[PDB]
Each structure stands twice: as C-alpha cells, then as structure tokens.
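Shown next as structure tokens: one chain only, the form deposited in one PDB entry.
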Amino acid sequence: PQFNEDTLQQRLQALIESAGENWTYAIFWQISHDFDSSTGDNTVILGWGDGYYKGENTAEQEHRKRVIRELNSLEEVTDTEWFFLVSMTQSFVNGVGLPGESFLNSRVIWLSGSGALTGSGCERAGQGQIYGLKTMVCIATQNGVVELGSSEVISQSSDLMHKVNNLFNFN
C-alpha cells in the first residue's frame, strides 16, 4: 500500500482489464514543477506519466499512417488511438483544464455523455468528444491524476472507484 513508478504500467493495465465496463484507455498525469523566476512561484504542472490503451478521410489516414511509421522509425489509425497518441504531449497547469481542476481541489470529475463533455468548459473534454469519446473521468491521486475515457456512456460505479482506490496512492 505505497506504490512506486515501477508498477504504474501494471496498475493502469489492471484498472481497465479488470473493469466491468468498456473503458477505452487509462492515463496517469504525473506532477512536475515549473519555477517562475519572474514571481518566484513553484507551480505544479501535470504532464504525461504513463498510459494504457485498450481500444475496441484519405488525407487524414495517410497523415496518421505517416506519423505512426515515422514514430516506429525512431493499418488504419482510429480516432481513439490518435487521441491517445496526441495526449502524450499535453500538459496542464494546476487548477486549469480537466486534469488541473481535478488536482487543485483533489476532485473526482466524472463527465458522462457528449453534452457533459462539450458543456464542461475544458478543452481536453472537447477534444475527446471530437474523437468519439462519450465519457471522460479525472480522479486526483497523491502523485497526480488518473484519467479514464470511453466511447460509451458510463455511469460512476462503486466497483470502478473501488479498483481506482486499490491501484493508486491517496492522502
């Protein structure tokens, strides 16, 4: 009952392989810091920690296929796969956006349905909805924020929250 980075990938896999509902992916946003010389403040910034993707036009597909094999270097690429990939380079200032609001106030933010996403005022929820997601969840942990996404509409179950609680650190 005090997890470290070394089991993070296993814990993300456990969360959605064992979950009773059809979750598409899980992401862990890790806390980092950005000291601001101009004001002397040490602001929390959330960035990519790890992730686990489960899953289910011509120019776009070719653009996506070209980025994938270019990454492979150093057949279809689906909307949710792309969203997952694109997520890797996002970051969030504490209190800002879906992961940031979750962390700042130590919140569970559960957005179920297309309208909950588009009405959230969070650009990441808007983006997820564009890529076909209908449920997005952020849950604040001791070391960051766990995010879940699904192309299905999923209500908050105590079973899932029980799994989250058994797989991450809480203050």
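Each residue number is its position in the shown sequence, starting from 1. Take the two forms, superpose them, and find the largest set of C-alpha atoms that agree within 1.5 Å; that set is the rigid core.
Although not depicted, the form deposited in another entry is the subject of the following passage.
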Problem set entry | Moved residue between the shown form and the other one - picked from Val108, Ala116, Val67, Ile45, where its Cα shifts 2 angstroms or more relative to the rigid core | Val67
Exercise. Quick one: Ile68 and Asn22 C-alpha atoms, closer or farther in the other form compared with this form (3 angstroms or more)?
Worked result: farther
Exercise. Closer or farther: how do the Cα atoms of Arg64 and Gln129 compare in the other form relative to this form, given a change of at least 3 Å?
Worked result: farther
